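Participant: piece number one of the complex, untouched:
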Amino acid sequence: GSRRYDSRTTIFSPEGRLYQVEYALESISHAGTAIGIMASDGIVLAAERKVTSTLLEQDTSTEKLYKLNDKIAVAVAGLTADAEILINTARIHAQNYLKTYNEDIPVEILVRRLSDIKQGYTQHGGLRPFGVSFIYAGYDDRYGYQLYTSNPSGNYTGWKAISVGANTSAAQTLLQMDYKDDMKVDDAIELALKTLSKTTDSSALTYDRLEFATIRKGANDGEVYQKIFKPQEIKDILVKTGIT
Amino acid sequence: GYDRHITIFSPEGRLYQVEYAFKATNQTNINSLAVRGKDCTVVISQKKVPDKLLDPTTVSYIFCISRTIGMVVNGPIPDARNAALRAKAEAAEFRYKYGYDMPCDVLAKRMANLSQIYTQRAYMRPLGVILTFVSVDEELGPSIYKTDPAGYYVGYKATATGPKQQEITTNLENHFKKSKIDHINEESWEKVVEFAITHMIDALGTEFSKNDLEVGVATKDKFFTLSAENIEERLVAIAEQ
Amino acid sequence: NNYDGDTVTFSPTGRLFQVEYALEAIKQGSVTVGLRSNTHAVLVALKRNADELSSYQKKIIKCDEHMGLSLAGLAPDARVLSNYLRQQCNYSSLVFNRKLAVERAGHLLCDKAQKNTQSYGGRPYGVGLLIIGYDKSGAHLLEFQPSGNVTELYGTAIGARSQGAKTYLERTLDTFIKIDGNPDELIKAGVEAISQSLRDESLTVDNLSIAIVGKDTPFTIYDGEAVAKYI
Amino acid sequence: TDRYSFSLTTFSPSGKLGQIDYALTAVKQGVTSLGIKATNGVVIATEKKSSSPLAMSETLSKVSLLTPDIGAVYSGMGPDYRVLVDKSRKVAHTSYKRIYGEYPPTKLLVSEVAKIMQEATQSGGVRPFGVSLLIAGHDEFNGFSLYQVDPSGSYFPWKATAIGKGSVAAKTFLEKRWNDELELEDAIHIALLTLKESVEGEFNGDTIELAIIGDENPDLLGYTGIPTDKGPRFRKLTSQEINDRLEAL
Amino acid sequence: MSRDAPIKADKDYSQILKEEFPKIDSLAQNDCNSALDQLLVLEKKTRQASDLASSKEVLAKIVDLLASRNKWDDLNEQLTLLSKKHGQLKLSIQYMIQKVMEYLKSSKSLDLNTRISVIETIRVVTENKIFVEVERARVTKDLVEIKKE
């Protein structure tokens, strides 16, 4: 048969809760940490890899950080593999907005779209959802800098600072106690590194295990310049904050 | 469990459903042997006619896919005709769109992909037949390719099939170790047929008749089959050696 | 739940079990009896109301003025077959300027049910039809099983307690074939046949429903104080 | 009908997508293959195994070409790789030879192939392929690159890596031999020496497949007389040459 | 077989050519192969039972080759040609080989003549060992007896 080999995976449970979504959150806690903080001059995205090997090249690894468009980038926490598909869908949705309205896509719209796809997988088709959590750094002209976190169920929630991936509990509390609303990009750069060193899956945080990226408004005229730092500049900033 | 009933991996990474497909070609008790001659490729294979009430002329394990490529099948007969049909369509296909007859190599590769596709679904049953394609090509020379249910294929100097095929294999390997080349030297294809029969008789321990054999010969630009009379001619020539 | 939860799985007994279950709908269901001579065919159906404040339910469907079908099993299953037969009969009139033949409409129906029992998730239809009609070949009376197979008889029955009705028709078998040109006699004998199928279900003048087709008679359903001509 | 459009990849009740984990097991049942990245080339190597002693390893291809300047090699299931290499070639042609015209960057192509892996873990009637690929290449933009494609549908750049049943031992081997600066010749010696420890048969140069994405070679293009245009940076080493290399370990 | 016509047809020919036996025996003196070709067709069938029956006919025919001192050279050859072809499974030529030993004794043929025919036979029987053995030792002993003296 064909109903003989399906046990029904994408129904509700007796608490109103999707089996597959609940399992997904656990699998994203296996994956490395990624933290987002919003300064009043920028947004800092900082991500720790879920793989670090004997001879893994991480000097050019752009495997957590992706530019969706020239004002919106993401940090990834979950399956890198699963994340791919939605990353390129997002690129397409963003470029489409620019193509037809001659304007950059708001952060709100882009995230809400991707959430719909996730919701769509358990809504129809018998398909599983991608086990992904994203932290979005985005600039728009209507809410300024916006910070978002999205989950595999397809829901978005705003934050001032938030953490995903491994050890979210510890990280979240430390962020609440130390974060102030008048921090800068400088302050936030240092705060993210300290939080990632309490959640490092090794016993030390190293420059080649860090991906670090900013969106800064120090670029002229108030334009936002996204920078994904080189491996020597991450090493550069990590000795400055005094971890190594 | 139920990773053995549909084609989904186990905690070993193994598809048990696919492995079972190999285990069914022994149930018809058909052996085949195929060697590359000097200017030919000969395949000799068993023909079981258990009754009178079966008409022996019809009992065929040899299907011509191309003009030049024969196919001999070991295993259940429904799946044999099914596999023959797919292969025939594809050979014709390539002649139409590429302007020459389909290479043996490329046909083997094609059926391998389709086999993989039958184990990619989870309600599709692998075609359990083991297929031998024999040809003389003009670019690859004499060729044997044997495809299998999993969708693995590899070229062949010679090959055998059947429940008893280890014995046959042993014989052939030793021959090519004395001769130190990958194809039998002679110069009349007829005598390569005769040689093939001798090795088969040694391997299975039984002398065959003209209706216990059915013989296919590919020479250059052609494949045909020997009739039962031609085969009796060969068995006299066993005496003559 | 091995072979009784699937409609795609054999069965070393060479069955599908679902078909037997679909044939048990006929035991719980209504009864209708058909008999023919060589010049007329007749259906006598036992109509049944839902309660006493309910009109009794019609059990004979007119498919054309040379064709009719009657159910004994589930009504929603019968709704598919009634549409299908009308469609094919009208198609025969349109395309070939023909009546549709009795044997042939049974054959079309048989292979229809088969490919819905073939398809997984489907069901075998649980309603048994008697298909009567008058074509060039004369009268015909087919029995249609839930299997789908069609059988040709001079008299047949299905439903609850159909067994006694075939006893009755086998005894009067040579009587009603050698009556020709009088549909009346057949109807009287058919009433007697379905009285071998009662269980205190009585036959009244609003329980009895008759349908005939002749060479000179259209397909006509008698009901009312006009079935009391044969009581 | 079509009722198989429910994914055959699912999660386990303990997290961790179970299907791609099983598919990753099949690579440890597979052959060993390795890639060492040099700073002036890349070398990839694999062992040929057959189910017959009459089988031809001369029409057996476990190292295959995608585009002149990029090669691929697997560890895992044969059949799976046989169809998958064709799909890699097909997307590279339809999306970068009919749209962008030239041979793609290595980085680009690796991403694209990982998407097909991803799309075999989304849909019904398909479970994923159970091989890991090493895609070695050179583009003039990001230099030499060596990447590894997962049966999860992710990619990773490596400095040197192995896949197959002897992968864990092999990366331990590469730790002490590896250096940030290598020659291409020295890379050949290191690669074959590691794979000699991950083969438990006899280790020939007739049964060992060697390929370099090292020096250009123009005469393998098919034409000569414009030197601004070259031929393949991929170059498969014939058997007799590999035998010379066994002596150079 | 799948038809019964070859089982019968070869048996008709055998009955006939066994009552034509005297006509055949005199014809061997003129030229033995011309008489022999007719008998060989019978053993070109794939019916092992009736080929066993027709080796009885040949065994009578070839006594004359033995009495001849020129024609027994081609008997040695004929045995080869039948054994390697089939030997009609292995049964037909087994009967031939078994019954020749007894004939050599009553003929009291020349020592050279008897050894070289039996020498050619001990070659034939080597490849089998499944039951030929019982005969096989007797075949070799006839060489032995002469060479003792």
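Facilitator: Ah, there it is. Residues are numbered from 1 along each chain as shown, chains lettered A, B, ... in the order given.
Participant: and residue B:85, how many neighbours?
Facilitator: 12 (other CB atoms under 10 Å in any protein chain shown). Bear in mind the C-beta positions are built from the backbone N, C-alpha and C, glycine included.
Participant: would you agree it falls within a helix?
Facilitator: Yes: assigned with DSSP: H, G, I helix; E, B strand; the rest coil, residue B:85 falls within a helix.
Participant: can you pull the contacts of it?
Facilitator: Residues counted as contacts of residue B:85 (CB atoms under 8 Å, 6 or more residues apart in numbering or on different chains): none.
Participant: measure it to chain A for me?
Facilitator: 26 Å (CB to the nearest CB, to the nearest Å).
Participant: did I read that right, residue B:13 in a helix?
Facilitator: No: using three-state DSSP, the assignment for residue B:13 is coil, not a helix.
Participant: so residue B:102 makes contact with residue B:94?
Facilitator: Yes: using CB atoms under 8 Å, residue B:102 is in contact with residue B:94, at 3.9 Å.
Participant: show me what residue B:69 is bridged to.
Facilitator: Using DSSP bridges, the bridge partners assigned to residue B:69 are residue B:135.
Participant: now residue B:67, what's its secondary structure?
Facilitator: Secondary structure, three-state DSSP: residue B:67 is coil.
Participant: quick one: neighbours of residue D:183, just the number.
Facilitator: When counting by other CB under 10 Å, one arrives at 13 neighbours for residue D:183.
Participant: check contacts around it.
Facilitator: By CB under 8 Å, 6+ apart, the contact set of residue D:183 is D:38, D:40.
Participant: so how far is residue D:139 from it?
Facilitator: 21 Å (CB to CB, to the nearest Å).
Participant: for chain A, what's the nearest residue on chain C?
Facilitator: Across chain C, the shortest distance to chain A (CB to the nearest CB) belongs to residue C:6, at 5.3 Å.
Participant: surely that residue and residue C:121 touch.
Facilitator: No: applying CB under 8 Å as the test, residue C:6 and residue C:121 come out as separate, 9.8 Å apart.
Participant: which of the two has more residues huddled nearby?
Facilitator: Comparing residue C:6 with residue C:121 by other CB under 10 Å, the one with more neighbours is residue C:6, at 19 against 13.
Participant: attach chain F to the model above:
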Amino acid sequence: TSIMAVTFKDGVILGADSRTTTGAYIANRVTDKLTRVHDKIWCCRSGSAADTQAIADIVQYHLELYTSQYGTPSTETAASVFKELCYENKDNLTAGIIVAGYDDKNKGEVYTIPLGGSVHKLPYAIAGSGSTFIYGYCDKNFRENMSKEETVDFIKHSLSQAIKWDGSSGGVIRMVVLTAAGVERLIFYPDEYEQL
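Facilitator: Putting chain F onto the chains we already have gives this:
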């Protein structure tokens, strides 16, 4: 272009020119129109070059599959495939095809297929543009069951007049002989039939 085929005693001979025009420019003058779709059934192309070549490829594809499952095609069988594709493009494609073949089920046969697609058995067939001027000569001079030599010379003579009266027919005359003696390709150079 002109093509013809003519039956004789022991088989059938096919005859064609090798000149192909488009407009006043001759594209090539040595292109063979005699086409092999089976070892033993050949056919002849005329009219628009593309249309006939396309259909000929399709028919070969279908006949290959016929051989590998059911046995060889007959001349009849083959004609039908040409016919039926022309019936499906009877408003689009203008093709003259003659299908001729030598069987042992039917000895020599000539079938011809018009633009709209119909099959017609004839003891001789002509088609093209230039072969309509030689039509009357064909029937007056035809004989039933001739010698091999008589057939060769008849086709030579018919096409000489064709080349005479039509500038689109020219080049060499090419013939294929289908028989139980072999398959004989023949070629006649222009001086050789200008003497006559």
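Participant: so, the contacts of residue B:85 revisited with chain F in the model?
Facilitator: residue F:69.
Participant: what about it, distance to residue C:74?
Facilitator: According to CB to CB, residue B:85 and residue C:74 sit 42 Å apart.
Participant: not counting sequence-adjacent ones, nearest residue to residue C:103?
Facilitator: Ranked by CB to CB, 6 or more residues apart in numbering or on different chains and with sequence neighbours excluded, the top spatial neighbour of residue C:103 is residue C:140, at 6.5 Å.
Participant: swap in residue A:5?
Facilitator: residue B:6 (5.7 Å).
Participant: got a list of what that neighbour touches?
Facilitator: Contacts of residue B:6 by CB under 8 Å, 6+ apart are A:5, B:17, B:122, B:123.
Participant: change it to 7 Å
Facilitator: Residue B:6 makes contacts with A:5, B:17, B:122, as judged by CB atoms under 7 Å, 6 or more residues apart in numbering or on different chains.
Participant: can you put the residues you listed in JSON lines and add secondary structure?
Facilitator: Below are those laid out as JSON lines (three-state DSSP):
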{"residue": "A:5", "secondary structure": "coil"}
{"residue": "B:17", "secondary structure": "helix"}
{"residue": "B:122", "secondary structure": "coil"}
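Participant: could I get these as a markdown table with distance to residue B:41 and neighbour count?
Facilitator: Formatted as a markdown table, these follow (distance: CB to CB, whole Å; neighbours: other CB atoms under 10 Å in any protein chain shown):
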| residue | distance to residue B:41 | neighbour count |
| --- | --- | --- |
| A:5 | 43 | 16 |
| B:17 | 33 | 17 |
| B:122 | 38 | 20 |
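Participant: out of the residues you listed, who's nearest residue D:14?
Facilitator: Of all those, residue D:14 sits closest to residue A:5, with 22.3 Å by CB to CB.
Participant: my guess is the closest one contacts residue B:122. True?
Facilitator: Yes: using CB atoms under 7 Å, residue A:5 is in contact with residue B:122, at 6.3 Å.
Participant: check the secondary structure at the residue minimising distance to the centre of chain E for me.
Facilitator: Centroid-nearest residue in chain E: residue E:96, 3.8 Å away (criterion: CA atoms, centre = their mean). For residue E:96, the assignment made with three-state DSSP gives helix.
Participant: what sits against it?
Facilitator: Neighbour list for residue E:96: E:55, E:58, E:59 [criterion: CB under 7 Å, 6+ apart].
Participant: another chain to add, chain G:
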Amino acid sequence: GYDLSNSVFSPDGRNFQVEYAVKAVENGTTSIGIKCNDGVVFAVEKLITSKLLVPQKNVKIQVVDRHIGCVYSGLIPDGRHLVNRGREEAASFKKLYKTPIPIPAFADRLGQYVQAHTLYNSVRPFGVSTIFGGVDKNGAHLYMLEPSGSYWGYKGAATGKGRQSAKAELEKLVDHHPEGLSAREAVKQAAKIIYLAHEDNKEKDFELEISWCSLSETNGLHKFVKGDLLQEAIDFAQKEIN
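Facilitator: Okay, chain G now, added to the rest:
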């Protein structure tokens, strides 16, 4: 386990759903086919379950083409659908190649078709064995088709409850004529061995039907046997079994 679909396979190398389908025909009617020199003669036992039926109205013999006889046993609706498809195949061949399909060609095509429904869990296999044959320019042919999708050449074939009773007599009939035999004489034979296979159906009663395709009488078309020839055969078989 391994008994819930037709795309499981057992470690034994056996597919039981498919094997089980042969048992369906084993509870069907007895049907025989004699391969002749000039043609084929089919005969089929028609069980009589009452005397309300109308004999020789309930067809199991359907003609496919104008020259291929088909008669089937097992689950009846299933077999009528198998013949349904095969008539479409006949017309298609005629349309493309303008000649009636050959006997071997038709055998081929049905084998593919029965193959298809044992390769998917989304279609159900058939439950019939069919016996068909005829005359073409390659000679007379006879084939039996299993619900597994298997066929072979057949000197004589049978199926149904009394397939054993039938086949035992066919062996002796090749002893009587090791050169094969005439279609016209095989009509009388055909009746004979249905009566012999009605000794396994000896708690029921039967109606005999016979159909033939022979080149020496009917000009190579498939027709029915009826009238005077039919009752000669019925009388023959009676006296023998009495």
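Participant: ok chain G is loaded, check the neighbour count of residue B:85 again?
Facilitator: As a burial measure, residue B:85 scores 20 neighbours (other CB under 10 Å).
Participant: swap in residue C:223?
Facilitator: 16.
Participant: try residue B:58
Facilitator: So residue B:58, with other CB under 10 Å, has 17 neighbours.
Participant: ok, the closest residue to it other than its chain neighbours to residue B:60 distance?
Facilitator: Once flanking residues are discounted, residue B:58 sits nearest to residue G:153: 2.3 Å by CB to CB, 6+ apart. Between residue G:153 and residue B:60 the computed distance is 9 Å (CB to CB).
Participant: and the closest residue to chain D within chain G, how far from chain F?
Facilitator: Chain G approaches chain D most closely through residue G:122 (4.5 Å), counting by CB to the nearest CB. Separation of residue G:122 from chain F (CB to the nearest CB) stands at 27 Å.
Participant: do the same with residue C:192
Facilitator: Plainly put, residue C:192 is 61 Å away from chain F if you go by CB to the nearest CB.
Participant: SS state for that residue?
Facilitator: Secondary structure of residue C:192, per three-state DSSP, is helix.
Participant: same check on residue G:115?
Facilitator: Secondary structure assignment for residue G:115 (three-state DSSP): helix.
Participant: shouldn't it be in contact with residue G:149?
Facilitator: Yes: with contact defined as CB under 7 Å, residue G:115 reaches residue G:149; the gap is 4.2 Å.
Participant: A strand includes residue G:133, no?
Facilitator: Yes: counting by three-state DSSP, residue G:133 is located in a strand.
Participant: residue ranges of the strands in chain D, please?
Facilitator: Using DSSP state E, the strands of chain D run over D:33-37, D:42-47, D:63-67, D:70-76, D:131-139, D:143-149, D:155-157, D:160-163, D:208-213, D:234-236.
Participant: before we move on, what about chain C?
Facilitator: C:32-36, C:41-46, C:60-64, C:67-70, C:129-135, C:138-144, C:150-152, C:155-158, C:208-213, C:220-222.
Participant: okay, now the residue nearest to residue B:121 when sequence neighbours are not counted: neighbour count?
Facilitator: Take residue B:121 and drop its neighbours on the chain: the residue closest to it by CB to CB, 6+ apart is residue D:125, 5.3 Å away. Close neighbours of residue D:125, defined as other CB under 10 Å, add up to 16.
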